[PDB]
Amino acid sequence: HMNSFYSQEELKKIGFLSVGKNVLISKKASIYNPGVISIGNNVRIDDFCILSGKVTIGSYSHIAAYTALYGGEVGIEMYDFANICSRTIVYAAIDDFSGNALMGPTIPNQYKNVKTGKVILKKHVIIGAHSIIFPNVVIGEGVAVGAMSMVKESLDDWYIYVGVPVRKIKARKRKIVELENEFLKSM
Amino acid sequence: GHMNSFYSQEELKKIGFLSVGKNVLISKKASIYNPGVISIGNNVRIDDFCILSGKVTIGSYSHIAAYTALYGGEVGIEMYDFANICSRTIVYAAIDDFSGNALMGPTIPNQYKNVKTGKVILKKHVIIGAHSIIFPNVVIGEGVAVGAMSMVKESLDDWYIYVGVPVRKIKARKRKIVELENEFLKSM
Amino acid sequence: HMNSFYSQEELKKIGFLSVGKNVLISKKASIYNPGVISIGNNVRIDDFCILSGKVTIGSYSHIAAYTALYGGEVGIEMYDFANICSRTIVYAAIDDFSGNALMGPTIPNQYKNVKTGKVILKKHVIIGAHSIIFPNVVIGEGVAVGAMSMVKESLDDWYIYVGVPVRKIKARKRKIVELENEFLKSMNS
Ligand SMILES: *SCCNC(=O)CCNC(=O)[C@H](O)C(C)(C)COP(=O)(O)OP(=O)(O)OC[C@H]1O[C@@H](n2cnc3c(N)ncnc32)[C@H](O)[C@@H]1OP(=O)(O)O
Ligand SMILES: *SCCNC(=O)CCNC(=O)[C@H](O)C(C)(C)COP(=O)(O)OP(=O)(O)OC[C@H]1O[C@@H](n2cnc3c(N)ncnc32)[C@H](O)[C@@H]1OP(=O)(O)O
Ligand SMILES: *SCCNC(=O)CCNC(=O)[C@H](O)C(C)(C)COP(=O)(O)OP(=O)(O)OC[C@H]1O[C@@H](n2cnc3c(N)ncnc32)[C@H](O)[C@@H]1OP(=O)(O)O
Ligand SMILES: Cc1cn([C@H]2C[C@H](O)[C@@H](COP(=O)(O)OP(=O)(O)O[C@H]3O[C@H](C)[C@@H](N)[C@H](O)[C@H]3O)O2)c(=O)[nH]c1=O
Ligand SMILES: Cc1cn([C@H]2C[C@H](O)[C@@H](COP(=O)(O)OP(=O)(O)O[C@H]3O[C@H](C)[C@@H](N)[C@H](O)[C@H]3O)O2)c(=O)[nH]c1=O
Ligand SMILES: Cc1cn([C@H]2C[C@H](O)[C@@H](COP(=O)(O)OP(=O)(O)O[C@H]3O[C@H](C)[C@@H](N)[C@H](O)[C@H]3O)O2)c(=O)[nH]c1=O
Ligand SMILES: [Cl-]
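Protein chains in written order, with PDB author numbering: chain A, 0 to 186; chain E, -1 to 186; chain C, 0 to 188.
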């Protein structure tokens, strides 16, 4: 009732492709295929998350509770200082909604029409709570997506976007760049 | 436990479903309440952190993705074959009156509430997009797709795509899947 | 496959600052720092709930499944007959989104700009499913917010609000206060 994280010792036994230091991962998260999951330094992953398939997270990243990263074979990668608020989903693959294909894991591949492509969250990206990131997009450096937003296309750097699907509403301030440098120097 | 969280077939048998078919993959991390009123057909996968509570009937060739709640209550939620539900969806067969005419929820005796109930049926080939909510007494017509983050309070016409809160019809669903279903069952 | 609630024996082992009678808490919920968590009578908290930090719940309240109450230091408080539909998040603190500050628990405080403020849900508040309430917000007595709502500012009493962010759409009926009084009167005589 203080925390649910793995000890450093249990972390080493998971079998991650790579795992940094100061990594706090909830025992109530699910991790599938850990040998294609890579995690940098100073990363917290909270209860009821799902990481499945190829996922790469850098350093100084919080993946908050309920967040699903479905990396599949193509991968999701997050750069340093990116953070995801609770209940986000990032899909690297999704079925065709149009009616031109059967759907999902109970059906053989030949009848489906999966949209897939690597998803990247660049440095300083923040994803607002209850958001969905669809496949084959890059969320630009310093981009903020508001809560309950839906993204289907790559997003231009250093803007804040809101809505379903998102629209640009204003520039993201770049003082965090200054602070990153100040912070890193301080160490 | 880093490959999958599903029950073995011998484990499923011990849950005590009204009926459960073959090639059924149900996460040990999902919750299942009143399994004696739940039935599940063949080739079904239900993922981590789902909840199925009360009367839920699922056919064959269906994925209920992670975090989905199917609150069937006493009236029931029914999905037909080839229906699927994306992550984080909720389907309610019963909900409390929000007007201010009634008290609300499970801590309150029934005489003070005014629960709206009605079966929710998803017909063949329905797909429900992620983070959606379906409310009681709604028939989601054959082949309907509902987009992500959509809210459905009324029945939806067959073979159309709907989006928004609450949903609006935006374009017809293609029906190539009907051929595909036939070609796939014919392969078997 | 009947229910996931802690027995009364298990509950007493949790360590709440205060917990009342007829408290039904899912063992599949997460409770962090129960020492600052107070719960009244006739409360139900479902599977995959998270309660973390300073949370005070009154009586006749259902916290439905997936709901997360991040009370932090400043606290989240719910008055009696308040209820929260599934998959809501209530934040008593959040990071600055603007780009003026670094973010999240991996960064020291001096580089962040956290907004914080007590969040209060008054009597008879209902929060629709899949909603978010932000910090420093008082949800007025009898307020309903609809499904998928986002609330960043305090809400005036006895109205229904919907949308992201919410707008006031209609009055909420007050018959519920007459029912509260009827209900409580029957418990007494
Ligand atoms: S990690 C903990 C989780 N934190 C969060 O999820 C925080 C998310 N914050 C937000 O979604 C904010 O609302 C942001 C995106 C930061 C915008 O806040 P601002 O204060 O910068 O802007 P306004 O509130 O003035 O709104 C600007 C226009 O955008 C609409 N809008 C704001 N937020 C959203 C969301 N999330 N979804 C849809 N629309 C949103 C406002 O209605 C406003 O629209 P106009 O058309 O200009 O009125
Ligand atoms: S099972 C794993 C999870 N998969 C999903 O949740 C997939 C959900 N897919 C979608 O929500 C798509 O956006 C769908 C519904 C398939 C629509 O995509 P289309 O490519 O057919 O259409 P457009 O992107 O051109 O959009 C048409 C109009 O509808 C608005 N819109 C699209 N999607 C939504 C949602 N989910 N919610 C509200 N509105 C939505 C677009 O803004 C566009 O609007 P106009 O007003 O016509 O410009
Ligand atoms: S605890 C179990 C979970 N229960 C719930 O989440 C129930 C939530 N209920 C709702 O969200 C209802 O839609 C409420 C808010 C009670 C409104 O229902 P009403 O029947 O009173 O109102 P209408 O359907 O006539 O809608 C009024 C206007 O509001 C728009 N709207 C309704 N609901 C929403 C939500 N959730 N989000 C955004 N907008 C919403 C309708 O489109 C309508 O708009 P107009 O511009 O007036 O047409
Ligand atoms: C959400 C969640 C929390 N926890 C545990 C570990 C966390 O350290 C603890 C608190 O997490 P939280 O997200 O509720 O709060 P945090 O946002 O970490 O903030 C906390 O630490 C800060 C440095 C202080 N400034 C805050 O006042 C204190 O609330 O609970 C888990 O173990 N798993 C979880 O999923
Ligand atoms: C989401 C989830 C996943 N898992 C386990 C079992 C799954 O078989 C495995 C991966 O599931 P997933 O949803 O991440 O991915 P799937 O949609 O099953 O897809 C995967 O298999 C396919 C046949 C291949 N075509 C894909 O490239 C590979 O990603 O993880 C669970 O045990 N429980 C879960 O809730
Ligand atoms: C959502 C959830 C349910 N459960 C268990 C406990 C509950 O008694 C049971 C059913 O809960 P539910 O939320 O599906 O349904 P309820 O809203 O409790 O409704 C039901 O029970 C009432 C006493 C009756 N008055 C109703 O007619 C019957 O449908 O499942 C859990 O143990 N944990 C959970 O998170
Ligand atoms: Cl969730």
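We treat Cβ as the ideally placed atom computed from N, Cα and C, and that holds for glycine.
Neighbourhood of residue i by C-beta, 6 Å cutoff - its chain only, sequence neighbours within 5 removed
| i | result |
| --- | --- |
| residue 190(E) | Outside the shown range of chain E (-1 to 186) lies residue 190(E), about which nothing can therefore be said. |
| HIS61(C) | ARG43 and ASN82 |
| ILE13(E) | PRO33 |
| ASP45(C) | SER25, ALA63 and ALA64 |
| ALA100(A) | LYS111 and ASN112 |
| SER17(E) | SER37 |
| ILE119(C) | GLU76 and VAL137 |
| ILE131(E) | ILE88 and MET149 |
| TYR90(E) | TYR69, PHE133 and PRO134 |
| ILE175(A) | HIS123 |
Simplified DSSP assignment, three categories, for residue i
| i | result |
| --- | --- |
| residue 203(A) | Nothing in the structure corresponds to residue 203(A), since chain A is present only between 0 and 186. |
| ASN180(A) | helix |
| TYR90(C) | strand |
| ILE159(E) | strand |
| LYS174(E) | helix |
| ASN82(E) | strand |
| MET1(C) | coil |
| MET186(A) | coil |
Start-to-end residues for the beta strand (DSSP E) that takes in residue i
| i | result |
| --- | --- |
| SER60(E) | 60 to 62 |
| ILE56(C) | 49 to 56 |
| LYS169(A) | 166 to 170 |
| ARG43(A) | 42 to 44 |
| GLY70(A) | 67 to 77 |
| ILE38(C) | 36 to 38 |
| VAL118(A) | 118 to 120 |
Own chain, CB closer than 8 Å to residue i, minus 5 neighbours either side, in chain order
| i | result |
| --- | --- |
| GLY19(A) | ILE38, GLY39, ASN40, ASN41, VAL42 and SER58 |
| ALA170(E) | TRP157, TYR158 and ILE159 |
| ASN187(C) | none |
| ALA128(C) | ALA63, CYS84, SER85, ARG86, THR87, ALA146 and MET147 |
| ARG166(C) | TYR160 |
| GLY139(A) | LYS121, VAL124, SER153, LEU154, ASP155, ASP156, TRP157 and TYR158 |
| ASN21(C) | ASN40, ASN41 and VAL42 |
| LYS53(E) | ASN32, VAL35, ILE36, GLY70, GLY71, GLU72, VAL73, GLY74, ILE75 and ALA91 |
| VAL163(A) | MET147, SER148 and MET149 |
Where the alpha helix (DSSP H) through residue i begins and ends
| i | result |
| --- | --- |
| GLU8(A) | 7 to 12 |
Other residues of its chain near residue i: CB distance less than 7 Å, five sequence neighbours each side excluded
| i | result |
| --- | --- |
| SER51(E) | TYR31, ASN32, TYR69 and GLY70 |
In the segment 102 to 116 of chain C, which residues sit with their C-beta less than 8 Å from some C-beta in chain A, listed in chain order? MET102, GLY103, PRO104, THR105, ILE106, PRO107 and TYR110
What residues in the segment 1 to 22 of chain A have a beta carbon less than 8 Å from any beta carbon of chain E? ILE13 and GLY14
Which residues, taken in chain order from the segment 114 to 146 of chain C, show a beta carbon closer than 9 Å to some beta carbon of chain E? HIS123, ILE125, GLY127, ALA128, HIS129, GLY141, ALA143, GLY145 and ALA146
Going along the chain, which residues of the segment 46 to 75 of chain C sit with their C-beta nearer than 8 Å to a C-beta in chain A? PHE47, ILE49, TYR65 and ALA67
Residues in the segment 74 to 103 of chain A with C-beta within 9 Å of chain E's C-beta atoms, listed in sequence order? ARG86, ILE88, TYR90, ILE93, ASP94, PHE96, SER97, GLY98, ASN99, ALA100, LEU101, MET102 and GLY103
Residues in the segment 153 to 175 of chain E with C-beta within 8 Å of chain C's C-beta atoms, listed in sequence order? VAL163
May I ask you to list, following chain order, the residues of the segment 22 to 42 of chain E that have a beta carbon less than 8 Å from some beta carbon of chain C? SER29, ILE30, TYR31, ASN32 and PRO33
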